[PDB]
Amino acid sequence: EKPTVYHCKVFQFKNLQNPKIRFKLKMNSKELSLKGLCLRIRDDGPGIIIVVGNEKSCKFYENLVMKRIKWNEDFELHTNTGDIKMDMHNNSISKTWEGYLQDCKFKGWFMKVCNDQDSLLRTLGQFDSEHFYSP
C-alpha cells in the first residue's frame, strides 16, 4: 500500500506531419520533465500521445495540445523530393484517457514512427499501455 503520485493524460491525433507541432510537443515535454511517448502509424498516419508526471504539468500539456496548437493549420512540408503544401483542414486531436498511475514504466519522453498498427500496439504493450489506443 503506497500513494499514487503520477497523473496521466492520453491524446489521439489524425496526423502529425507538421514538424512545428512535433517540435512543440517535444520541447514542452522536455522543459516540463514529463515522461511518456508519442507514437504514430507511418509518417503520415494517426497516433497517440501519452504524458505522465505531476498534475500541474499534465494540465499545462493538455492546454498546449487541445487549445494552443493549431492541428488544422496548413503548412509547407520539406521532403526527400521537394516542398509541398499540406492540407490539414481535416486534422484533429482528441483527449481520451485521464487518470492516475501508481508506477510508470516510461523512462523519458520519446517519439517514434511505427510501421503498422500492430507495431504500435506491441510498443505500447511493453509499457503496459496498449489499451490506451483506439483503432
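Just a few scattered comments:
- Listed values for the range 73-84 are Karplus-derived 3J(HN,Hα) couplings in whole Hz (6.51 cos²θ - 1.76 cosθ + 1.60, θ = phi - 60°), namely 7, 4, 8, 9, 10, 9, 10, 4, 9, x, 10, 10, and x replaces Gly and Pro.
- Dimensions of the chain from C-alpha coordinates, computed as largest minus smallest value along each principal axis and given longest first, are 56, 31, 22 Å.
- Amide H to amide H, with H built 1.01 Å from N, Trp97 comes under 5 Å of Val10, counting only residues 5 or more places away or on other chains.
- The region of the chain that goes longest without hitting one of the trypsin sites (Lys or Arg not before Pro) in a DSSP loop, each with at most 15 other Cβ atoms within 10 Å, is 1-41.
- Per residue, the convex hull volume that the Cα atoms of the range 42-95 enclose (Å³): 106 Å³
- When each of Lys2/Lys24; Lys2/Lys30; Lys24/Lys112; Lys67/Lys105; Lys85/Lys107 is checked by Cα-Cα distance, pairs over 26 Å: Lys2/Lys24; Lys2/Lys30; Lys67/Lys105; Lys85/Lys107
- For the range 39-48, putting each phi into the Karplus relation 6.51 cos²θ - 1.76 cosθ + 1.60 with θ = phi - 60° gives couplings of 10, 9, 9, 6, 3, 9, x, x, x, 9 Hz, in residue order, rounded to whole numbers and with x for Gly and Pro.
- Under 5 Å from the amide H of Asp74 lie the amide H atoms of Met88, each residue being 5 or more positions distant or on a separate chain, with H modelled from the backbone and absent for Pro and chain starts.
- Near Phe110, the amide H atoms lying under 5 Å from its own belong to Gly36, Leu37, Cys38; only residues 5 or more places off or on other chains count, and H is placed 1.01 Å from N.
- Filtered GluC sites (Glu not before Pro), the range 57-135: DSSP coil and at most 13 other beta carbons within 10 Å: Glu73
Reconstructed Cβ throughout: ideal geometry from the backbone, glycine too, with neighbour counts over all protein chains shown. Read-outs throughout are calculated quantities, based only on the coordinates presented, and are distinct from any laboratory measurement.
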